[PDB]
Every structure is written in structure tokens, then in C-alpha cells.
K.L.:
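Mind looking over this structure? Questions follow.
Per chain, numbering begins at 1; letters A, B, ... match sequence-line order.
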Amino acid sequence: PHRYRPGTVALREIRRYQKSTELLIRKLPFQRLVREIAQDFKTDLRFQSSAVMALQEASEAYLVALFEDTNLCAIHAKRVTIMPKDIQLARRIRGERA
Amino acid sequence: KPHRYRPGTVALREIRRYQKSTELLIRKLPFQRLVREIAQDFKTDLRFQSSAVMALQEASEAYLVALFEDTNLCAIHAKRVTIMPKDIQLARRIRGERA
Amino acid sequence: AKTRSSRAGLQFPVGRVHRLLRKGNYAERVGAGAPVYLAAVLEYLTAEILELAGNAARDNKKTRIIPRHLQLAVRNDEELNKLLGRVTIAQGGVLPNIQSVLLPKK
Amino acid sequence: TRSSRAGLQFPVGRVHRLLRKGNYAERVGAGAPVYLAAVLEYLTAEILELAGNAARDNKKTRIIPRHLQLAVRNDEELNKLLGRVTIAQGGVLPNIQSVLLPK
Amino acid sequence: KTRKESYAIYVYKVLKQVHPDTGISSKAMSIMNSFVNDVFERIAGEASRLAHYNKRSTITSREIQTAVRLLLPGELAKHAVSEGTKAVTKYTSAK
Amino acid sequence: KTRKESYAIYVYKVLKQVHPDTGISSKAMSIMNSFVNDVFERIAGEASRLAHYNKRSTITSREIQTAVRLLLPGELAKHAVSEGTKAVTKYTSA
Amino acid sequence: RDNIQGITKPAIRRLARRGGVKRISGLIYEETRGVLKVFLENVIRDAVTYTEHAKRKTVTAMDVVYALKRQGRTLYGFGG
Amino acid sequence: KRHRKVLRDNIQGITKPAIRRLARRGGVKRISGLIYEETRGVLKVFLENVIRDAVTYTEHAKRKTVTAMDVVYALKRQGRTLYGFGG
DNA sequence: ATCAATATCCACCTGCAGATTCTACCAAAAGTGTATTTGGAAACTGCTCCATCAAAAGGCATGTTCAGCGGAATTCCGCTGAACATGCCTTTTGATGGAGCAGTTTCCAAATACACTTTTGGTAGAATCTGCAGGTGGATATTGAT
DNA sequence: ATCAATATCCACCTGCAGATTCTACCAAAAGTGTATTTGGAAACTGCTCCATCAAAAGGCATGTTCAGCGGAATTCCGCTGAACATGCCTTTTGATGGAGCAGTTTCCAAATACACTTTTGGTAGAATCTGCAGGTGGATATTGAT
């Protein structure tokens, strides 16, 4: 009845995803989001597939880096679990400021 | 026994005082020597228009005041009211001035 | 002879702006409507900041706008603050603001 | 060709044309494209040099985005130069804050 | 001796329009002049790239309009566009 | 129709000098192309401002050099400048 | 089911992992979705502005590349 | 020909009181004793970077005098646009 | 301090998506030869303003004492997230009309180029102006001890 | 909650640095009026490649259990704020030499401008080639319960 202790698999995933480069958000779901948000600026638009990809590469690279800063903020507060206030602090200091 | 404000009271008074004014807070001549020393190490025999020095002081102080704001948010985030070197370092790291 | 500014109904100099666009090396050619449109946008934005700056001035019982009034107008306005997000107004100081937890007491 | 005269692989002629058609200045001197082409060639050799080593250090002969990212981020100066650039399919450098390690 | 220009007299005309009895210090005017030049450069620059991306050699009021939309925040962009359009339309209605 | 220019071939030549037995995927080549374009623009842009600030109508190798010193980090700039100076010299010597 | 919800918990978790995060608060997933939405709105707004200027009905990779660049998020790999 | 100065240790001219005042304008209420030296180091790096670029513009123009515009251009290069000095 | 369950590694294999190779086509480049134009270096020098010596004095830096209260260390439990087996619905993959992104030709509204005429923003500078900095004294708080 | 030591607010008053306001020369500007060029909107269209869709593929939604992290409570050493004495050195008001920024003119090395010859990089359908992603086997490390 094997069972890994909390954090062991998490640490395993960190190692696994920092090694690879593939997109981590599912394609179709991301595409629908892109299209929906675009429908608000201009109706009846088409997207080159490479346009959606550039958007996902940019979005993911953005969130991954934001998660790194958020982690540093969690650690600054002597925690190991990230919370919304950590993301908020990071963005505030980034000038995406509030 | 002589009147004494409690610790923090004068500090808050100073915050209100300086957030209300706009005069440069670093002594003028001392800042100018620093500029000359740094520049000299880069290139000898330089001269400075006095307004170049003042432009440097306005930018330097605006940079520092804004860095102290971020630093303050970092200390408060750690449940403190006292800013420390690590708050400054975290702020500069998230700013990309270090990352 | 009527200036291109009056022809456009503007205070800002259309001729000057057209000239600045040409010598700034922005494109091989600059259309006639380009400087008219740009001069208008420039005028519109200065009117916007002066309206707010003059208000900050009167709020502070002053008749003359100084840098601090310009900074107060810009930083208290969401959009102007955003447009000048990476700009430093000399002698403008900062907005009064003390973090809650720093206030004395319970 | 001008590139051969300068001893370069990068296209001086093309660089010259690009400088001109970019509206950077009224006129472009003859030496500008040469100097610029050479700088572009050198920076290219630098990244390929380090990216190639990353491929070797990984037992692969073909350079992929991953290898460009590893070479850029492990190099202080290139990382600085490309500090606001995102290399598609580059991933990140393996890095775990010590405080998160077991024990 | 080489004449140095500034938007000063124009900034001053607009100031009198919005606040007839308010003046402005030389330092504040200097800041206003920096503001105008700064925004001029940003708009012209966006219009320049915009034209190159589209293989156009002419910057017309249209690239200026798109640049204003790319550069100014929401409400400021809406109004700048109306004023710009309004000025071009009026300018055009004249000979 | 309408040919799209890129630095792909010149990038390939440089690769062969540095790692004769190393290849490069298409996606990697695209990134390198973006890199050369990006740097070209940054250097040309700075050089453009330099000429303007100094009221000059011409962008010479002098502007390219100063632009490089402004744009590249310490060592990278040192070598870029020497490479540039070397190429202009070899060039002036017919 | 809303599209933003299409950005699942596991996906956000994988992203946090690549970012080196060991444990995540339950409130992070919604926070992240909101942050991602603002990011996409800003980038896409600009991309669409380039699309309309070119009078196209299709958002191209270059529109997105130009959008990311002016946003200080330069991206390599999809042209310019 | 003429004089002797040699400028040294001028970073100490950025005094504790000056740094306290800047922190106050920044809204800081309490300050660790280690902050003063940490701030001097940060200021020094800030000045070295801006002066390095400003002087680079000076030399490019063949001048011996650093102008307010040299500083203004340097600040803009670094994304610290400054209004009020011809910039 | 035994093994028991899993994840992790390394060596080898090979089908194939993507990289490589010979070829004919050619518009767009790029190199070249020639007559013309011009930016900006060079030499002279007017003249702004940078460096600096000097003196007086008070705003402000320095250094110290004293203790309020903040940061740091410790204990700790309630509870929130991590790990995981279980049922399956949304994503992914590969196929096909057709919407537009482009390639091409026509052609005119509009942008150069250019020789004048004229309205004007800058400015060097004598001058009367005027908003407000800054000292003064006295009324409403704001604090902190008790 | 009453007090007393103090800071904050503030409308009045004034000497003046900094700003609004001429009178005048004006050269770089901007507008006027043809002449010559041409960028790119507009209409027509071939053909990539994008949206839609049905069938094969596999990641995620859901509930349970509890490990261990976050946050509250408590304690106290000594950091850091407040107050004060002393006197240094920055600030302020000025005069002065002259470095060097900057205006003006002479003028040639170098860049623009075609005009035309050479050759090259990009496009493209065809065929051949190959690095390595992914799958398999088995050894070995790691993790976690005794």
C-alpha cells in the first residue's frame, strides 16, 4: 500500500517540467480563450495557427516567470506555499503595479 | 519627567512631512562630489553643466524613493514594519535589476 | 494666407509638427493630414493635463502651476499615470500615502 | 562582393540596403554596413558556439531552441542582452530554491 | 544664438483656455515641453514602425490614428481620436 | 512568389566555422533569425538617435560603434567593437 | 463551462512547477486565471489593432510578435 | 596645470539622515541599521550605469563637458525618462 | 537496518518527420562605372558658463544616552493542500470545401520639388509687474502621562 | 477623562526673485502657386491554409485520508527611535579667469544618382537521407514502511 509523502511528488514534477520545454496548457482550451477575448475587440476574426502558438508560448513563458517571482515572495514571508498575495506583490513590484 | 513622543510617532510625522514636499533630500555638494568621483573613474578631465548634476540628483532620488516604496511593501509582506537589506534585494530582484 | 492650424481649428502649430515629422526620419513621405491629426492629439493631451494641474493648483490655493501640481494631476489620474508610467517629473515629489499597518494603535 | 572584401560571411550589401530602407538617417556611410555586419556575425558566432556546446554536452548534434536557451541563460552577458527576450520552446534552467529541498 | 524652439507659447494658449486666471512657472513649462516632445516621439515612432510593417513609405493621419490607439490608455485614446479626426475633417473641408 | 529574405544561410555558414559537425533545427534557425533582426534594429535605432542628437544626417561606423558600446554588455561589446574595427580595416584596404 | 475555466488546475499546476513551486494554495488557480486574462487582453488588443490597420480579417503571427514587442515581451521564433 | 583634489570615499556623503529622509518620502517607518550601507551600494550602481551612458554620449560628441541632455538621453536609454531638463 | 514498491538510468533499436541535396528559373540584388552634389571636418573666434578662491554663519550632521517595542525564536494544533485510485469526457489527430491572404495591373488623388512672398516665433534686454516664500504670532488640534 | 507639553493649521503681511509684458530687428518658417512624380487604393483572382468535423487518443474531474504547513500565542533580548549637545561644512552671495561650447565660412572627401552588367538568394517540385524521439529490457537508485 505504497504512498509518497507530501512534497515528494511535487519536487519530482518540478524536476520533470524544468527539464522539458513543451507547452503545459492544453491547445484547444487556450485557443478558445484567445478567440473569445479577441471577439471583444473585433468580431469575426480568423487566426493563423502560428499566431495562436506565439500567444501560448508568450503566455506560458510569462506565467512561469511570474510563478518564480511569486515563489520568492512566498519564501520571503517564510512560507513554502504560494498564495494570491504573493502574486499580487510580485505584479505590484513589476510595474504591472496596483 | 520631560515630554517624549513614543517610538514611531516622529517617524510618521516625518513621512507626512516629506510626502508633502518636493525638495531634494540629499545634500547638494556631497552628491556632486560623488557624481564627479564616479565619472572621473570612467573618464578623466570631464566637466559638468550644473544642470547635468541636478538632472542626476532628481533621477537618483526619484529612483531611491520608489525603491524604498517597493522595499516597504516587501517588509510588510514578511510581517515586519522595519525594512532590511533583504527587502531591498527582493524588490530589486523582482524588478529585473537583478533576477 | 491662413495658417494650417487655423484651417484645422487648432492652437498647436501644424506647420511645425509637419516639419518635425519630416526631419525625424520617420518615413519617406508624410501625408498632409498626418501633422494636423498629430498636432490635435498633442493639444488635446496638454489641455487634459493643464485642466487637472490647474485644479491641483487651486486646491492648494495657488494661482501658478508648479511641477508638484503637474505630478499631482498625473498620479491621481489612472490613465495619465499609465501613459507616464516610466516618466519622472522633476520636483514633483510623490503622492501622500502611508500603509495601513504603519498607522499607530489598535 | 563587399562581404568578401571585409572577410565576412554576413551580407554587407544587404545590411546596407536595410539600414537605408529603415529610415534611420538621411544618409548611410559606406563603413556602417561593414561594421554592423561584422558585429552581427560575431554575436551570431558567440551564441552558436555556446549553443553547440550545449547540444554536445547533451549528446546531440543538432541545435534546437532548448540549446539556445541553455546557452543564453547560463551566460551572464548574453542573458543580460536578451533579458527581455523569450526564446520559444526554450524552457527554463533547472533550479530549485534550497529551502524547498527534502529533509 | 541658434534659435531654440519649444511648445511654450502653445501650451500657454491652451492653459488660458482652460484656466484663464492661472499661470505656470518656467520649471512647470519646461516639464510640459518635455511631455509634448516625448508624446510626439512616441506617437511618431509607433507610426513609423507601423508603416514599415505594412511596407508603406508614407505616414498618413491613418498611421497616426493607429499609433494613438496603440499608445494611449482607453479613455484618452477615445478622445484623442475624435479630436484628431475632427481636426483632419475640418482641415479637409477648407481649401 | 514574393520572396522572404532571412539570415538563415549566413547563419548556417557561421555555424559551420564554429561547429563543422553540428546541425540546427528549423525552429532553432527561426530563433536565430529573430535574434539577428532584433539586434540589427536595436543597434540601428541607437545609431539613429545618436546622429539625430548630434544633428548629423549620416550614420557612419562611428555611430554603429558608439551604439554597440551603449547596447552590449562589457566583454561582448569589447569583442564586437574589435570585430567591427577589424572588418572596416580589412575593407578600407581594398 | 466557461473558457477561462478551460485553463485547468492541472495546467496551472504544471506551469507553477516549471516555475519551481512546491505547494500551491487553493486560491491560486482563480488568481492565475485572472492574471492570464489581463495578459491576453493587453497583448491581443494590440495584435488586433495591427490586424485592422492592415485591413485583414486574420490575426497573423507577426501581428502578435509586434504586439509582444511593444509590450516589452519580445518573442523569438515566429518571424521578426 | 594647477591643483590637487583626488576624490575618494564620497559615497559617505550620502549620509544616514539623507537616506532616512528618502525612506520617509518613500513611506518607510522603521529602518534596520544595515540599510544605510545597502542603499549606498544601490545608489552607486545606479549612478555608475547612468553616468557611464551619459559620458558615452559626451565622448561621441567630442565634448569634454557632460550636458544635461547627455544625462537626459542616458536616463531615457535606461527607461528612466526624466522631464524638466530639456528632455 | 531489513526489502518492498517505484522511479530513474543506460544501452540499444528503428521508423519517419523533418533535414539535406541536385536542379532549373529569375526577379531582385548587388557590384560597377560615371557626373553631380554636399555633409561636416577644419581653422578662426565670439562669448557662455564651468571651475574655483573667499568669507560668513546657521542649518544640519554626528555621536551619545536611554529604553520602548519590534524581530526572532519556540511551541503547536487545527486544517488545508498533497497524494492517489477510479470513472470517462474534452482534446487531439488527420481529412476537406472555401474564405481571404496575397500576386498583379490600372491609374489618379496626393505627395515631391522648387522659386517666391510673407507672417512669425525667438530673443537680447530695459522695465514695471506680482505670486508667494518665509518670518511672526496666536488659535485648533494631536499626544501621551496619569 | 482631565492635563500639559507640542506640533499643526493658517489667515495676515511683505520684500523680491521670477514671471508676465513690451518695442524691435528678423532669419529661419510657413504659406502661396505651378510643375513632375508616384504611392497605394481599388478591382479581379489564384491558391494557400484556416475553420469545421468526425473518429481515435489519453488527461482530468471527483472524493477520501492525513501529513505537515500556516498562523496564533507567548516571550524577551537588544535593536533602533527620540531627544540633546556640540560645532562642522554645506549653503549662499560674488567676483573672475578662461576652458571650451558653439556660430560662421572655405571646401573636398564621400555619399547620392542613375545606367547597366553580373550572379545570387529565394522559390519549388523531386528524390534521397538521417538524427533522434519513443519504445523495450533490465539494472540500480530512491523513498518510505518496519
K.L.:
Taking only the side-chain nitrogens and oxygens of D/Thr1, find out if one of them lies under 4.0 Å from OP1 or OP2 of I/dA30.
P.N.:
no

K.L.:
Using a heavy-atom cut-off of 4.0 Å across all strands, would you classify A/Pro29 as base, sugar-phosphate, or nothing?
P.N.:
sugar-phosphate

K.L.:
Just to be sure I understand the rule, does A/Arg32 reach a base, reach only the sugar-phosphate, or reach nothing, if contact means heavy atoms closer than 4.0 Å?
P.N.:
sugar-phosphate

K.L.:
When you check the phosphate oxygens OP1 and OP2 of J/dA30, does a side-chain N or O of C/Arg4 lie under 4.0 Å from one of them?
P.N.:
no

K.L.:
Please report the distance, rounded to the nearest Å, between NZ in H/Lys16 and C1' in J/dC79.
P.N.:
11 Å

K.L.:
With nearest nucleotides of DNA chain I determined for B/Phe48 and C/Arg22 from heavy-atom distances, which residue corresponds to the more 5′ nucleotide?
P.N.:
B/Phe48

K.L.:
NA contact type, E/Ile9, heavy-atom cut-off 4.0 Å: base, sugar-phosphate, or nothing?
P.N.:
sugar-phosphate

K.L.:
Closest approach to the side chain of E/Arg3, judged atom by atom: which nucleotide of I/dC9, J/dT143, J/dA29 is it?
P.N.:
J/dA29

K.L.:
Is it true that H/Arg63 and H/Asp70 have a side-chain N and a carboxylate O under 4.0 angstrom from each other?
P.N.:
yes

K.L.:
Give a yes or no on whether a donor-acceptor pair under 3.5 Å exists between the nucleobase atoms of I/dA83, that is its base, and the side chain of A/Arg3.
P.N.:
yes

K.L.:
Does G/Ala11 reach a base, just sugar-phosphate, or nothing at all? Heavy atoms under 4.0 Å.
P.N.:
nothing

K.L.:
Does G/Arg13 reach a base, just sugar-phosphate, or nothing at all? Heavy atoms under 4.0 Å.
P.N.:
sugar-phosphate

K.L.:
Please classify the nucleic acid contact of D/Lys60 as base, sugar-phosphate, or nothing, using heavy-atom distances under 4.0 Å.
P.N.:
sugar-phosphate

K.L.:
Without decimals, in angstroms, what is the distance between A/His2 NE2 and J/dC66 P?
P.N.:
17 Å

K.L.:
Which is more 5' along DNA chain I, the nucleotide nearest B/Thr9 or the one nearest G/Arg1? Just name the residue.
P.N.:
G/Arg1

K.L.:
Within the structure, does a side-chain N or O atom of H/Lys62 lie under 4.0 Å from either OP1 or OP2 of I/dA41?
P.N.:
no

K.L.:
Using only atom types and a distance under 3.5 Å, with no angle test, would you say the side chain of C/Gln91 pairs donor to acceptor with the backbone of C/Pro67?
P.N.:
no

K.L.:
Can you tell which of I/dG71, I/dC84, J/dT80 lies closest to the side chain of H/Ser32?
P.N.:
J/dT80

K.L.:
Base, sugar-phosphate alone, or nothing: which one does C/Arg7 contact when heavy atoms must sit under 4.0 Å apart?
P.N.:
sugar-phosphate

K.L.:
Can you check whether H/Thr65 has a side-chain N or O nearer than 4.0 Å to OP1 or OP2 of J/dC101?
P.N.:
yes

K.L.:
Check whether any side-chain N or O of A/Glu13 sits under 3.5 Å from a backbone N or O of G/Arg17 as a donor-acceptor pair, and report yes or no.
P.N.:
no

K.L.:
In terms of side-chain heavy atoms of B/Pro7, which of I/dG68, I/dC84, J/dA51 is nearest?
P.N.:
I/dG68

K.L.:
Quick one: look up who J/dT80 pairs with, Watson-Crick or G-U, both distances under 3.5 Å, and put none if it's unpaired.
P.N.:
I/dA67

K.L.:
Considering every strand and a 4.0 Å limit on heavy-atom distances, what is the contact class for E/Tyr10: base, sugar-phosphate, or nothing?
P.N.:
sugar-phosphate

K.L.:
I want to check one thing: is the phosphate of J/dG103, taken as OP1 and OP2, less than 4.0 Å away from some side-chain N or O of E/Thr2?
P.N.:
yes

K.L.:
Which whole number of Å gives the distance between the P atom of J/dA41 and that of I/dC101?
P.N.:
15 Å

K.L.:
Please classify the nucleic acid contact of B/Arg47 as base, sugar-phosphate, or nothing, using heavy-atom distances under 4.0 Å.
P.N.:
base

K.L.:
Which whole number of Å gives the distance between the P atom of I/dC88 and that of I/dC9?
P.N.:
35 Å

K.L.:
According to the Watson-Crick and G-U wobble definitions, with both distances under 3.5 Å, which nucleotide is paired to I/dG144?
P.N.:
none

K.L.:
Let's go through E/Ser30 and E/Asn33 carefully: what are the C-alpha distance in whole Å and the side-chain angles of both, what is the deciding distance for side-chain hydrogen bond (donor to acceptor under 3.5 Å, both in side chains) to 0.1 Å, and is it a yes or a no?
P.N.:
CA-CA 5 Å; E/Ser30 178; E/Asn33 194 55; over 6 Å; no

K.L.:
Checking contacts here: which listed nucleotide (J/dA111, J/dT90, J/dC50) is nearest the side-chain heavy atoms of A/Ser49?
P.N.:
J/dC50

K.L.:
Could you tell me whether G/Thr60 contacts a base, only the sugar-phosphate backbone, or nothing, with contacts defined as non-hydrogen atoms closer than 4.0 Å?
P.N.:
nothing

K.L.:
Over all strands shown, is F/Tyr7 touching base, sugar-phosphate only, or nothing at heavy-atom distances under 4.0 angstrom?
P.N.:
nothing

K.L.:
Using a cut-off of 4.0 Å on non-hydrogen atoms, how would the nucleic acid contact of C/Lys61 be classed: base, sugar-phosphate, or nothing?
P.N.:
sugar-phosphate

K.L.:
Can G/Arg13 be said to sit on top of G/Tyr29's aromatic six-ring, NZ or CZ under 6.0 Å from centre and within 45° of the ring axis?
P.N.:
no

K.L.:
Could you check B/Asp45 against C/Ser5 and say which one's nearest nucleotide on DNA chain J is further toward the 5' end?
P.N.:
C/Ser5

K.L.:
Of the options J/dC132, J/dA67, J/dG70, whose atoms approach the side-chain atoms of A/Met83 most closely?
P.N.:
J/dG70

K.L.:
Take atom NZ of H/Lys64 as the centre, draw a 6.0 Å sphere, and report whether it contains more than 12 heavy atoms from other residues, nucleotides or ligands.
P.N.:
no

K.L.:
Would you mind telling me which of I/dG71, I/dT92, J/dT112 lies closest to the side-chain atoms of B/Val81?
P.N.:
I/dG71

K.L.:
According to a strict under-4.0 Å criterion, is B/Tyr5 in side-chain N/O contact with OP1 or OP2 of J/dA5?
P.N.:
no

K.L.:
If you assign each of C/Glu28 and C/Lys23 to its closest nucleotide in DNA chain J, which residue comes earlier from the 5' end?
P.N.:
C/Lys23

K.L.:
Taking only side-chain N and O atoms of F/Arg56, does any of them lie within less than 4.0 angstrom of OP1 or OP2 on I/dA41?
P.N.:
yes

K.L.:
Phosphate oxygens OP1/OP2 of J/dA133: is one of them under 4.0 Å from a side-chain N or O of D/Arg62?
P.N.:
no

K.L.:
Just to be sure I understand the rule, does G/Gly6 reach a base, reach only the sugar-phosphate, or reach nothing, if contact means heavy atoms closer than 4.0 Å?
P.N.:
nothing

K.L.:
State whether E/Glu5 and E/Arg3 are salt-bridged, where the test is any N-O pair (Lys NZ or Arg NE/NH1/NH2 against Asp/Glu carboxylate O) under 4.0 Å.
P.N.:
yes

K.L.:
Quick check for you: among J/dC132, I/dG103, I/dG31, whose closest atom lies nearest to any side-chain atom of D/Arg2?
P.N.:
I/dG31

K.L.:
Counting the atoms with a prime plus P, OP1 and OP2 as sugar-phosphate, which does A/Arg15 contact under 4.0 Å by heavy atoms, base, sugar-phosphate, or nothing?
P.N.:
nothing

K.L.:
Provide, to the nearest angstrom, the distance between the CD atom belonging to C/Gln11 and the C1' atom belonging to I/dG121.
P.N.:
15 Å

K.L.:
Might you confirm whether atom CZ of A/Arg35 has over 12 heavy atoms from other residues, nucleotides or ligands at distances under 6.0 Å?
P.N.:
yes

K.L.:
May I ask you to verify whether the side chain of A/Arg5 and the base of J/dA67 hold a donor-acceptor pair under 3.5 Å?
P.N.:
no

K.L.:
From the set I/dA99, J/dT8, I/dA61, return the single nucleotide nearest to any side-chain atom of B/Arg13.
P.N.:
J/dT8

K.L.:
Please tell me which of the listed nucleotides, J/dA29, J/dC60, J/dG39, lies nearest to the side chain of C/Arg19?
P.N.:
J/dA29

K.L.:
What is the distance from atom NZ of B/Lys20 to atom CG of C/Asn60, rounded to the nearest 0.5 Å?
P.N.:
11.0 Å

K.L.:
Could you tell me which nucleotide pairs with J/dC114 by Watson-Crick or G-U wobble geometry, both distances under 3.5 Å, or answer none if nothing does?
P.N.:
I/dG33

K.L.:
Nearest of I/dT104, J/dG100, J/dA61 to any side-chain atom of F/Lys1?
P.N.:
I/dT104

K.L.:
Please state whether the phosphate of J/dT91, meaning OP1 or OP2, lies under 4.0 angstrom from any side-chain nitrogen or oxygen of B/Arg27.
P.N.:
yes

